[PDB]
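Trainee: Please find entry_37.tsv (TSV, C-alpha atoms and all ligand atoms) on the next line:
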```tsv
chain	number	residue	atom	x	y	z
A	5	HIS	CA	-22.91	-8.55	-26.82
A	6	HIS	CA	-24.21	-9.52	-23.38
A	7	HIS	CA	-24.44	-13.23	-22.59
A	8	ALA	CA	-26.01	-14.60	-19.44
A	9	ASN	CA	-23.83	-17.20	-17.65
A	10	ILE	CA	-20.63	-16.00	-19.38
A	11	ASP	CA	-17.77	-14.73	-17.20
A	12	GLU	CA	-17.02	-11.52	-19.08
A	13	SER	CA	-20.69	-10.43	-19.10
A	14	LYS	CA	-21.32	-11.17	-15.43
A	15	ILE	CA	-18.24	-9.19	-14.40
A	16	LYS	CA	-19.06	-6.39	-16.86
A	17	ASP	CA	-22.52	-5.96	-15.33
A	18	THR	CA	-21.01	-5.53	-11.86
A	19	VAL	CA	-18.27	-3.18	-13.06
A	20	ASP	CA	-20.61	-1.09	-15.25
A	21	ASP	CA	-23.06	-0.67	-12.37
A	22	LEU	CA	-20.34	0.88	-10.18
A	23	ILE	CA	-18.09	2.65	-12.69
A	24	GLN	CA	-20.71	4.52	-14.69
A	25	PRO	CA	-22.13	6.32	-11.62
A	26	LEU	CA	-18.60	6.86	-10.30
A	27	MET	CA	-17.56	8.60	-13.53
A	28	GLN	CA	-20.71	10.71	-13.68
A	29	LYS	CA	-20.54	11.87	-10.08
A	30	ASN	CA	-16.87	12.84	-10.33
A	31	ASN	CA	-16.96	14.11	-13.94
A	32	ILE	CA	-14.26	11.58	-14.87
A	33	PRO	CA	-13.84	11.63	-18.67
A	34	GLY	CA	-12.37	8.16	-19.09
A	35	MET	CA	-11.48	5.03	-17.18
A	36	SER	CA	-10.17	1.56	-17.70
A	37	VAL	CA	-10.85	-1.21	-15.18
A	38	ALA	CA	-8.99	-4.51	-15.35
A	39	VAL	CA	-9.92	-7.54	-13.25
A	40	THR	CA	-8.20	-10.90	-12.84
A	41	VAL	CA	-9.82	-13.96	-11.24
A	42	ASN	CA	-9.35	-17.74	-11.68
A	43	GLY	CA	-6.43	-17.10	-14.01
A	44	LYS	CA	-8.58	-15.13	-16.47
A	45	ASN	CA	-8.39	-11.45	-17.33
A	46	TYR	CA	-11.10	-8.90	-18.12
A	47	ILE	CA	-10.56	-5.33	-19.38
A	48	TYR	CA	-13.36	-2.75	-19.49
A	49	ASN	CA	-12.93	0.69	-21.06
A	50	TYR	CA	-15.17	3.71	-20.49
A	51	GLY	CA	-15.48	7.16	-21.92
A	52	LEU	CA	-12.81	9.45	-23.34
A	53	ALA	CA	-9.03	9.62	-23.14
A	54	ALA	CA	-9.29	13.17	-24.52
A	55	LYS	CA	-12.19	15.57	-25.03
A	56	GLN	CA	-11.23	17.83	-27.98
A	57	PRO	CA	-10.86	16.22	-30.40
A	58	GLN	CA	-12.59	13.28	-28.75
A	59	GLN	CA	-10.61	10.07	-28.40
A	60	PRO	CA	-12.10	7.01	-26.66
A	61	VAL	CA	-10.35	4.92	-24.06
A	62	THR	CA	-9.10	1.75	-25.79
A	63	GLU	CA	-7.02	-1.26	-24.82
A	64	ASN	CA	-3.94	0.84	-25.66
A	65	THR	CA	-4.76	3.98	-23.63
A	66	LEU	CA	-1.94	5.10	-21.36
A	67	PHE	CA	-2.73	6.72	-18.03
A	68	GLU	CA	-0.44	8.36	-15.51
A	69	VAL	CA	-0.45	6.31	-12.30
A	70	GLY	CA	1.33	8.69	-9.96
A	71	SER	CA	2.49	7.06	-6.74
A	72	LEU	CA	1.81	3.57	-8.09
A	73	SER	CA	5.22	4.30	-9.66
A	74	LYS	CA	6.74	3.83	-6.20
A	75	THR	CA	5.96	0.10	-6.28
A	76	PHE	CA	8.27	-0.22	-9.32
A	77	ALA	CA	11.08	1.44	-7.38
A	78	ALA	CA	10.43	-1.04	-4.56
A	79	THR	CA	10.38	-3.97	-6.98
A	80	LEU	CA	13.71	-2.78	-8.37
A	81	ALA	CA	15.21	-2.50	-4.87
A	82	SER	CA	13.90	-5.96	-4.07
A	83	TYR	CA	15.43	-7.31	-7.30
A	84	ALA	CA	18.76	-5.79	-6.32
A	85	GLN	CA	18.44	-7.33	-2.85
A	86	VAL	CA	17.62	-10.86	-4.00
A	87	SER	CA	20.45	-10.53	-6.56
A	88	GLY	CA	22.94	-9.86	-3.75
A	89	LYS	CA	23.67	-6.27	-4.80
A	90	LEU	CA	21.80	-4.38	-2.04
A	91	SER	CA	21.13	-4.90	1.66
A	92	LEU	CA	18.00	-3.14	2.89
A	93	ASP	CA	19.37	-2.87	6.44
A	94	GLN	CA	22.45	-0.91	5.32
A	95	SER	CA	22.59	2.88	5.52
A	96	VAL	CA	21.81	5.25	2.69
A	97	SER	CA	25.26	6.78	3.08
A	98	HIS	CA	26.82	3.31	2.72
A	99	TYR	CA	25.56	3.38	-0.88
A	100	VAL	CA	25.74	7.15	-1.46
A	101	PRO	CA	29.24	8.14	-0.29
A	102	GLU	CA	28.68	11.89	-0.72
A	103	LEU	CA	26.18	11.64	2.17
A	104	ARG	CA	28.64	10.03	4.59
A	105	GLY	CA	28.76	11.99	7.83
A	106	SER	CA	25.22	13.34	7.29
A	107	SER	CA	21.87	12.24	8.74
A	108	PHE	CA	21.92	9.46	6.12
A	109	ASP	CA	24.45	7.64	8.25
A	110	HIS	CA	21.41	6.81	10.39
A	111	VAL	CA	18.76	6.17	7.69
A	112	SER	CA	18.55	2.67	6.23
A	113	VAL	CA	17.60	1.73	2.70
A	114	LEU	CA	14.63	0.00	4.34
A	115	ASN	CA	13.58	3.35	5.85
A	116	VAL	CA	13.37	5.02	2.44
A	117	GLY	CA	11.60	1.87	1.14
A	118	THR	CA	8.93	2.07	3.87
A	119	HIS	CA	8.37	5.83	4.27
A	120	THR	CA	10.11	5.82	7.66
A	121	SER	CA	13.16	8.00	6.98
A	122	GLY	CA	11.22	11.18	7.92
A	123	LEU	CA	11.91	12.89	4.62
A	124	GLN	CA	9.01	15.14	3.59
A	125	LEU	CA	6.51	14.34	0.85
A	126	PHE	CA	7.55	16.76	-1.88
A	127	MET	CA	10.90	17.53	-3.41
A	128	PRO	CA	11.60	21.27	-2.97
A	129	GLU	CA	10.76	23.05	-6.22
A	130	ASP	CA	14.12	24.83	-6.54
A	131	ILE	CA	16.16	21.59	-6.63
A	132	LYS	CA	17.03	21.25	-10.33
A	133	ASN	CA	20.19	19.13	-10.52
A	134	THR	CA	22.13	16.45	-8.68
A	135	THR	CA	24.55	18.94	-7.11
A	136	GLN	CA	21.69	20.88	-5.53
A	137	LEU	CA	20.00	17.63	-4.46
A	138	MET	CA	23.13	16.36	-2.71
A	139	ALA	CA	23.72	19.70	-0.98
A	140	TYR	CA	20.14	19.56	0.32
A	141	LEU	CA	20.42	15.96	1.52
A	142	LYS	CA	23.79	16.55	3.23
A	143	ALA	CA	22.26	19.40	5.27
A	144	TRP	CA	18.93	17.74	6.13
A	145	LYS	CA	17.79	16.67	9.62
A	146	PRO	CA	14.38	15.29	10.60
A	147	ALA	CA	12.56	16.33	13.77
A	148	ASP	CA	12.21	12.68	14.86
A	149	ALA	CA	14.71	9.85	14.43
A	150	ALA	CA	14.50	7.67	11.32
A	151	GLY	CA	12.40	4.59	12.01
A	152	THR	CA	9.98	6.26	14.42
A	153	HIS	CA	7.29	7.68	12.13
A	154	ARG	CA	5.72	7.00	8.75
A	155	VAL	CA	5.73	9.99	6.40
A	156	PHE	CA	4.92	9.32	2.76
A	157	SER	CA	7.84	10.70	0.79
A	158	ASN	CA	8.62	11.24	-2.88
A	159	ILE	CA	12.20	12.10	-1.89
A	160	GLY	CA	12.64	8.85	0.01
A	161	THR	CA	11.28	6.82	-2.91
A	162	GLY	CA	13.68	8.72	-5.15
A	163	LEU	CA	16.61	7.59	-3.02
A	164	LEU	CA	15.30	4.01	-2.94
A	165	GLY	CA	15.19	3.81	-6.73
A	166	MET	CA	18.48	5.66	-7.25
A	167	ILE	CA	20.30	3.35	-4.83
A	168	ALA	CA	18.75	0.22	-6.32
A	169	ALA	CA	19.66	1.22	-9.87
A	170	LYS	CA	23.22	2.20	-8.95
A	171	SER	CA	23.70	-1.15	-7.17
A	172	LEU	CA	22.88	-2.74	-10.55
A	173	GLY	CA	25.31	-0.41	-12.35
A	174	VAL	CA	22.72	1.62	-14.29
A	175	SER	CA	20.57	4.73	-14.15
A	176	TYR	CA	17.04	4.40	-12.76
A	177	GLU	CA	15.50	5.04	-16.17
A	178	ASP	CA	17.62	2.27	-17.69
A	179	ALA	CA	16.86	-0.10	-14.82
A	180	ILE	CA	13.10	0.41	-15.25
A	181	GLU	CA	12.74	0.60	-19.04
A	182	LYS	CA	15.51	-1.81	-20.02
A	183	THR	CA	15.46	-4.34	-17.15
A	184	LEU	CA	12.38	-4.35	-14.93
A	185	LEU	CA	9.43	-3.63	-17.23
A	186	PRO	CA	10.76	-5.89	-20.04
A	187	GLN	CA	11.34	-8.80	-17.64
A	188	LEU	CA	7.75	-8.32	-16.43
A	189	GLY	CA	6.43	-8.35	-19.99
A	190	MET	CA	5.04	-4.84	-19.61
A	191	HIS	CA	5.69	-3.57	-23.11
A	192	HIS	CA	3.19	-0.66	-22.95
A	193	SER	CA	4.61	0.84	-19.74
A	194	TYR	CA	6.95	3.82	-19.84
A	195	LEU	CA	8.72	6.48	-17.91
A	196	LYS	CA	8.87	8.49	-21.15
A	197	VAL	CA	6.12	7.80	-23.69
A	198	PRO	CA	7.53	7.21	-27.20
A	199	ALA	CA	6.28	9.03	-30.29
A	200	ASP	CA	4.26	6.08	-31.64
A	201	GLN	CA	2.30	5.95	-28.35
A	202	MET	CA	1.57	9.65	-27.85
A	203	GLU	CA	-1.75	9.20	-29.67
A	204	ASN	CA	-2.64	6.73	-26.89
A	205	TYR	CA	-1.54	8.94	-23.95
A	206	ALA	CA	-4.74	10.15	-22.32
A	207	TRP	CA	-4.99	13.74	-21.21
A	208	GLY	CA	-5.47	14.22	-17.50
A	209	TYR	CA	-8.09	16.67	-16.28
A	210	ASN	CA	-7.24	18.72	-13.20
A	211	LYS	CA	-9.57	20.12	-10.54
A	212	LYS	CA	-10.50	22.95	-12.92
A	213	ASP	CA	-11.07	20.41	-15.74
A	214	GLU	CA	-8.01	21.67	-17.67
A	215	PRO	CA	-6.09	19.09	-19.76
A	216	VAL	CA	-2.71	18.36	-18.17
A	217	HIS	CA	0.21	15.94	-18.25
A	218	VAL	CA	2.62	15.48	-15.36
A	219	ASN	CA	5.86	17.48	-15.50
A	220	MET	CA	8.86	15.28	-14.73
A	221	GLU	CA	11.32	16.83	-12.27
A	222	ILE	CA	14.37	15.53	-10.40
A	223	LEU	CA	13.87	12.01	-8.96
A	224	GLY	CA	10.33	12.15	-10.36
A	225	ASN	CA	10.64	8.91	-12.29
A	226	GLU	CA	10.87	6.93	-9.04
A	227	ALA	CA	7.91	8.62	-7.37
A	228	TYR	CA	5.47	9.40	-10.21
A	229	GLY	CA	6.96	8.63	-13.62
A	230	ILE	CA	5.00	5.60	-14.89
A	231	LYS	CA	2.49	5.84	-17.73
A	232	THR	CA	0.87	2.49	-18.52
A	233	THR	CA	-2.20	0.58	-19.67
A	234	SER	CA	-4.63	-1.28	-17.44
A	235	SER	CA	-3.62	-4.49	-19.22
A	236	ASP	CA	0.05	-4.06	-18.35
A	237	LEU	CA	-0.84	-3.30	-14.73
A	238	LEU	CA	-3.02	-6.40	-14.61
A	239	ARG	CA	0.01	-8.42	-15.79
A	240	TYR	CA	1.95	-6.79	-12.94
A	241	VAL	CA	-0.79	-7.86	-10.49
A	242	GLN	CA	-0.71	-11.43	-11.83
A	243	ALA	CA	3.09	-11.49	-11.56
A	244	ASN	CA	2.79	-10.30	-7.96
A	245	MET	CA	0.57	-13.36	-7.36
A	246	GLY	CA	3.02	-15.81	-8.99
A	247	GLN	CA	0.62	-16.66	-11.79
A	248	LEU	CA	2.88	-16.13	-14.81
A	249	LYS	CA	5.83	-18.05	-16.21
A	250	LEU	CA	7.72	-14.72	-16.34
A	251	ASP	CA	10.23	-16.13	-18.85
A	252	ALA	CA	11.57	-18.44	-16.11
A	253	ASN	CA	13.05	-15.42	-14.28
A	254	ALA	CA	13.31	-16.89	-10.79
A	255	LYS	CA	15.04	-13.83	-9.29
A	256	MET	CA	12.31	-11.54	-10.62
A	257	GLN	CA	9.52	-13.64	-9.09
A	258	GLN	CA	11.36	-13.63	-5.75
A	259	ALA	CA	11.79	-9.86	-6.05
A	260	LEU	CA	8.07	-9.25	-6.65
A	261	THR	CA	6.99	-11.52	-3.81
A	262	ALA	CA	9.50	-10.03	-1.38
A	263	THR	CA	8.04	-6.53	-1.80
A	264	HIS	CA	5.04	-7.86	0.15
A	265	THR	CA	7.15	-8.40	3.28
A	266	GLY	CA	5.60	-6.52	6.17
A	267	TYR	CA	8.06	-4.17	7.87
A	268	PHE	CA	6.09	-1.61	9.95
A	269	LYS	CA	2.64	-1.19	11.39
A	270	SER	CA	0.88	2.19	11.44
A	271	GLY	CA	-2.64	2.17	12.79
A	272	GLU	CA	-4.34	-0.82	11.20
A	273	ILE	CA	-2.09	-0.68	8.09
A	274	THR	CA	0.96	-2.87	7.47
A	275	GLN	CA	3.66	-1.08	5.47
A	276	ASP	CA	5.46	-3.38	3.05
A	277	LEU	CA	8.11	-2.28	0.54
A	278	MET	CA	5.98	0.62	-0.82
A	279	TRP	CA	2.89	-1.62	-1.01
A	280	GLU	CA	0.44	-1.38	1.91
A	281	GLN	CA	-1.66	-4.26	3.23
A	282	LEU	CA	-4.47	-5.20	5.62
A	283	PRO	CA	-5.60	-8.63	6.86
A	284	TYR	CA	-8.19	-10.26	4.60
A	285	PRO	CA	-11.20	-10.40	4.85
A	286	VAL	CA	-11.27	-6.61	5.10
A	287	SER	CA	-14.24	-4.61	6.22
A	288	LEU	CA	-14.86	-1.44	4.25
A	289	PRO	CA	-14.60	0.78	7.40
A	290	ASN	CA	-11.05	-0.35	8.21
A	291	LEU	CA	-10.14	0.09	4.53
A	292	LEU	CA	-11.45	3.66	4.65
A	293	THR	CA	-9.90	4.54	8.02
A	294	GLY	CA	-6.60	3.38	6.53
A	295	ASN	CA	-6.63	6.25	4.02
A	301	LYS	CA	3.25	11.77	10.55
A	302	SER	CA	2.05	8.57	12.23
A	303	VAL	CA	3.94	6.38	14.68
A	304	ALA	CA	5.57	3.41	12.91
A	305	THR	CA	6.13	0.22	14.91
A	306	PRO	CA	8.66	-2.22	13.43
A	307	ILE	CA	7.62	-5.78	12.68
A	308	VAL	CA	10.69	-7.79	13.58
A	309	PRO	CA	11.27	-10.38	12.30
A	310	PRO	CA	9.42	-8.98	9.27
A	311	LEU	CA	6.07	-10.52	8.41
A	312	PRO	CA	6.75	-12.86	5.47
A	313	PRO	CA	4.75	-12.29	2.27
A	314	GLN	CA	1.21	-13.53	2.98
A	315	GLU	CA	-1.70	-14.95	1.04
A	316	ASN	CA	-4.48	-13.90	3.42
A	317	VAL	CA	-4.12	-10.16	2.93
A	318	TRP	CA	-5.48	-7.27	0.88
A	319	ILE	CA	-2.45	-5.63	-0.80
A	320	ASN	CA	-3.02	-2.23	-2.37
A	321	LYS	CA	-1.61	1.07	-3.56
A	322	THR	CA	-3.19	4.37	-4.62
A	323	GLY	CA	-1.56	6.86	-6.92
A	324	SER	CA	-2.45	10.25	-8.29
A	325	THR	CA	-1.16	13.15	-10.33
A	326	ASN	CA	-2.82	16.50	-10.91
A	327	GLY	CA	-4.87	14.98	-13.73
A	328	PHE	CA	-5.15	11.25	-12.91
A	329	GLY	CA	-6.28	8.86	-10.20
A	330	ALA	CA	-5.19	5.21	-10.09
A	331	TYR	CA	-5.66	2.26	-7.74
A	332	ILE	CA	-4.53	-1.37	-7.50
A	333	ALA	CA	-5.74	-3.96	-5.00
A	334	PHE	CA	-5.17	-7.71	-4.98
A	335	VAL	CA	-5.71	-10.67	-2.64
A	336	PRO	CA	-3.15	-13.41	-3.25
A	337	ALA	CA	-5.18	-16.06	-1.37
A	338	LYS	CA	-8.02	-15.50	-3.82
A	339	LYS	CA	-5.81	-15.02	-6.95
A	340	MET	CA	-7.92	-11.93	-7.65
A	341	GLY	CA	-7.05	-8.33	-8.33
A	342	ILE	CA	-8.23	-5.07	-9.81
A	343	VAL	CA	-6.67	-2.08	-11.55
A	344	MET	CA	-8.72	1.12	-11.84
A	345	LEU	CA	-7.29	3.94	-13.97
A	346	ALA	CA	-8.93	7.33	-14.44
A	347	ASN	CA	-7.96	10.59	-16.14
A	348	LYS	CA	-9.22	12.64	-13.22
A	349	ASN	CA	-7.96	12.64	-9.62
A	350	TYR	CA	-11.01	11.61	-7.57
A	351	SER	CA	-11.17	10.79	-3.91
A	352	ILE	CA	-9.43	7.71	-2.56
A	353	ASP	CA	-12.47	6.68	-0.48
A	354	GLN	CA	-14.37	6.12	-3.71
A	355	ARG	CA	-11.52	4.16	-5.34
A	356	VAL	CA	-11.31	1.74	-2.43
A	357	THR	CA	-15.11	1.43	-2.04
A	358	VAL	CA	-15.63	0.56	-5.71
A	359	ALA	CA	-12.70	-1.90	-5.73
A	360	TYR	CA	-14.03	-3.55	-2.58
A	361	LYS	CA	-17.50	-3.94	-4.08
A	362	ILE	CA	-16.11	-5.38	-7.33
A	363	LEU	CA	-13.72	-7.88	-5.73
A	364	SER	CA	-16.40	-8.89	-3.20
A	365	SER	CA	-18.73	-9.76	-6.08
A	366	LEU	CA	-16.32	-12.31	-7.55
B	1	LIG	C1	1.35	9.74	-5.11
B	1	LIG	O1	0.28	9.48	-5.59
B	1	LIG	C2	1.69	11.22	-4.74
B	1	LIG	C3	3.02	11.62	-5.45
B	1	LIG	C4	2.92	11.38	-6.94
B	1	LIG	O2	3.25	12.98	-5.18
B	1	LIG	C5	1.86	11.39	-3.32
B	1	LIG	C6	0.52	11.26	-2.51
B	1	LIG	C7	0.53	10.00	-1.94
B	1	LIG	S1	-0.07	9.90	-0.23
B	1	LIG	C8	-0.32	8.19	0.41
B	1	LIG	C9	-1.29	7.23	-0.33
B	1	LIG	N1	-1.71	6.11	0.53
B	1	LIG	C10	-1.85	4.67	0.23
B	1	LIG	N2	-1.65	4.00	-0.85
B	1	LIG	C11	1.91	9.43	-2.10
B	1	LIG	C12	2.25	7.99	-1.83
B	1	LIG	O3	3.42	7.69	-1.46
B	1	LIG	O4	1.34	7.15	-1.97
B	1	LIG	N3	2.74	10.24	-2.74
```
Take the structure I supplied and represent it as structure tokens, if you would.
Mentor:
Amino acid sequence: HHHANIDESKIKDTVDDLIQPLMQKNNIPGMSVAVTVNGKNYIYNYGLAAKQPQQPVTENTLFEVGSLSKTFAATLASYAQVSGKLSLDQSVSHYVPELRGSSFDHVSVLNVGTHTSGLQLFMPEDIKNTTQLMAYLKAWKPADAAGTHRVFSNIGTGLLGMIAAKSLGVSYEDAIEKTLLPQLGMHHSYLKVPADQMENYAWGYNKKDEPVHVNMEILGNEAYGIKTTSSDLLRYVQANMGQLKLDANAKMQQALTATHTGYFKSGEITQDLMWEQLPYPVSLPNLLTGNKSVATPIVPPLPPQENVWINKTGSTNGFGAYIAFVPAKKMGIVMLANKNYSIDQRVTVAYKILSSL
């Protein structure tokens, strides 16, 4: 029930007024929006996780988050770094000996953590196993030297997560589901959704409005494997702002914070470890203009800041996700949808909601 002067109702009015038209105009079946401010959390669910038979979005609905998954690979690499197992400045072939003598002698772990190796966006469809992947990587050359340009890459994020996990002595899937997500308290976050949660796994709806789930291919866990709830992602946002006890895991807090280090500038955007940031306050135009480019190194790296807007978009064929948070304001938003709608609208709605707080 609505109550004037009560936090949850004031925020709900703002969120409803933006999300209901957004869902109508884009024919988005279902969304969940989670907001944190002043140490308090608010979760709003809209519409349908599935159309036939109908299932509503609930607190337990799982959405695919696409390239938001890359921030977990970065957090894992950062955890390995702060634990003394990984140096970001070292070469990929230092950690992957089969690539020694290849172009990966000249690509750093930082490059694959910042989209500056030059590897292309999509894994080639005919690469099915590790032998084929290594043969491809050993024979690969970019047109420009590593460190010169920013090219968003699922392959690069794959290498980042693989190297981080190996440096901890485990597979990536183990590192994420047995180490990282449990230490973050994200108990409804998965690379593979278990049987008791399938009833909660929303269907995605593609451009033709067909129900779809993402197909997991080689190195896909690193780049697009996460399925999660808005509540778990809001915990992740709070952890990224140092707000949670985190079971006294000092190394994990340091790992999260260190992913916000600013390593390259492209246009107006600062590239962190997978996260992207802009100075705060942000104007909507610069946010929108932010969504190969020349990459200029920031050296020494920009330390993790408070006065910034940190964000990440992610999509799959059937889903569209967005996170933004402002550490100086201890505020953040997670928007999950089971339809891939345009990034300009994600950032505009998030900006309007956070501005209202
Ligand atoms: C991620 O959503 C897909 C991946 C699952 O194939 C692609 C498309 C995007 S493009 C850059 C988004 N800009 C700012 N946040 C990426 C990605 O790395 O974000 N990979």
Trainee: Go through the chains and note each residue within 10 Å of ligand LIG 1 (chain B), using all atoms listed in the file, then give the set as a PyMOL selection string.
Mentor: chain A and resi 68-75+118-119+125-127+155-161+218+224-229+273+275+278-281+294-295+319-326+328-333+349+352
Trainee: Considering only C-alpha atoms, can you say which of A:253, A:305, A:40, A:201 comes closest to residue 338 (chain A)?
Mentor: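 Nearest candidate to residue 338 (chain A) out of A:253, A:305, A:40, A:201: A:40.
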Trainee: Using only C-alpha atoms, find each residue of region 208-283 of chain A with at least one atom at most 8 Å away from an atom of region 83-103 of chain A; report its shortest atom-to-atom pair and that distance in Å (one decimal), sort the rows by chain and rising residue number, and return the result as JSON lines.
Mentor:
```
{"residue": "A:255", "atom": "CA", "partner": "A:86", "partner_atom": "CA", "distance": 6.6}
{"residue": "A:256", "atom": "CA", "partner": "A:83", "partner_atom": "CA", "distance": 6.2}
{"residue": "A:258", "atom": "CA", "partner": "A:86", "partner_atom": "CA", "distance": 7.1}
{"residue": "A:259", "atom": "CA", "partner": "A:83", "partner_atom": "CA", "distance": 4.6}
{"residue": "A:260", "atom": "CA", "partner": "A:83", "partner_atom": "CA", "distance": 7.6}
```
Trainee: In Å, with one decimal, what is the gap from CA of residue 50 (chain A) to CA of residue 17 (chain A)?
Mentor: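 Computed distance, CA of residue 50 (chain A) to CA of residue 17 (chain A), equals 13.2 Å.
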Trainee: The residues within 7 Å of (-7.7, 19.9, -22.6), using all atoms listed in the file and the coordinates of the file, should be reported as a PDB file with C-alpha atoms, in the frame of the given file; which are they?
Mentor:
```
ATOM      1  CA  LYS A  55     -12.190  15.570 -25.030  1.00  0.00           C
ATOM      2  CA  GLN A  56     -11.230  17.830 -27.980  1.00  0.00           C
ATOM      3  CA  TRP A 207      -4.990  13.740 -21.210  1.00  0.00           C
ATOM      4  CA  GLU A 214      -8.010  21.670 -17.670  1.00  0.00           C
ATOM      5  CA  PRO A 215      -6.090  19.090 -19.760  1.00  0.00           C
ATOM      6  CA  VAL A 216      -2.710  18.360 -18.170  1.00  0.00           C
TER       7      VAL A 216
END
```
Trainee: Here is a test: counting only C-alpha atoms, which residue of A:249, A:16, A:239, A:231 is nearest to residue 65 (chain A)?
Mentor: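 Of all the options, A:231 lies closest to residue 65 (chain A).
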Trainee: In terms of the shortest atom-to-atom distance over all atoms listed in the file, which of A:311, A:286, A:139, A:304 is closest to residue 357 (chain A)?
Mentor: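 Using all atoms listed in the file, residue 357 (chain A) sits closest to A:286.
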